[PDB]
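Take a look at this single chain, the form deposited in one PDB entry, given in structure tokens.
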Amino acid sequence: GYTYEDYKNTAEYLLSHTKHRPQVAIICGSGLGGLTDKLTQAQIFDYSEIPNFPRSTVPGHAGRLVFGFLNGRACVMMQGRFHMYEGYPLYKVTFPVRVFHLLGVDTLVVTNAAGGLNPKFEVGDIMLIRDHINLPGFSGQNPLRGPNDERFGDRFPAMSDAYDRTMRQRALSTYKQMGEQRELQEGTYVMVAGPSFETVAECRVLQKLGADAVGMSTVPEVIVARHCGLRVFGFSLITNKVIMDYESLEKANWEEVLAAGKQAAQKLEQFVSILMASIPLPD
């Protein structure tokens, strides 16, 4: 897909057009549509402005990067993403992450919506990602497929420690501060390609494999971030409880997902800000 130069050009373009120098990249999933509003000294770039950036044909906008400070933390926020189910190859899906690395970002925060597989979870819960199961990865759909560039990382990176232990500990503490009724969940996120929702039998399979939440994103980004050495922290908003029996007349649907994203908007906004304080300083 892209050459090392391509990534470098894209980073140079951004670096030369802003004085912001982000430590943390945040990929906004459902419910963080409005997180930019909490940025101070915001500066926007549209994907159409940025060289080599792929573009969503999705009607509203191409999407944007927004630099700024979140609780005095120097960050870049990514709004609008690319998904495997939309037809994008994985090197396009994960293009931004390699760019962030070249911006000198050292921490990636990924968020998403997911269906709850774990019976304890409730719509509205936040689940810290402790680990993932990369089903597309097993079959070949891994973003690192192809020639490896030692300037980014190793030919065979490890994923057993992908989700930073310390940030999860600190996240667990600091969540008490918000004084929420439901606690912070923690669990395994499984990635499926989508875009259709799971059958009952499929949900049962995912449960047996050990997954607590299922979604259609995030994992490829995590793998690329880890490949180039970034610290990674992630979580899912449980937006619906996956159907697990044939009796129910309920069905997963996207409007439900958006509604859940709205209810949780503030909780999520609050939580990401707080979390900024927990992030270690550069080096």
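Basically, rigid core = biggest C-alpha set you can superpose within 1.5 Å across the two forms. Shifts are known only where both forms have a C-alpha. In case it trips you up, residue 1 is the first one in the sequence shown, and so on.
The form deposited in another entry is left out here; the points below concern that form.
Of the candidates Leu32, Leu230, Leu70, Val66, the Cα that moves 2 angstroms or more after core superposition between this form and the one not shown belongs to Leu32 alone. Put the two forms on the same core and the Cα of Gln177 is off by 2 Å or more between this form and the one not shown.
Superposed on the core, the two forms barely differ at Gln43: its CA moves less than 2 Å between this form and the one not shown.
Once both forms are fitted on their core, a CA shift of 2 Å or more is seen for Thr57 between this form and the one not shown. An increase of at least 3 Å in the separation of the C-alpha atoms of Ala264 and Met178 is found in the other entry, compared with the displayed form. In the other entry, the separation between the C-alpha atoms of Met77 and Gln177 grows by 3 Å or more relative to the displayed form. Legend: core-fitted overlay between this form and the one not shown; highlighted in sequence order are 30-32, 55-62, 174-180, the runs of at least 3 consecutive residues with CA shifts of 2 angstroms or more.
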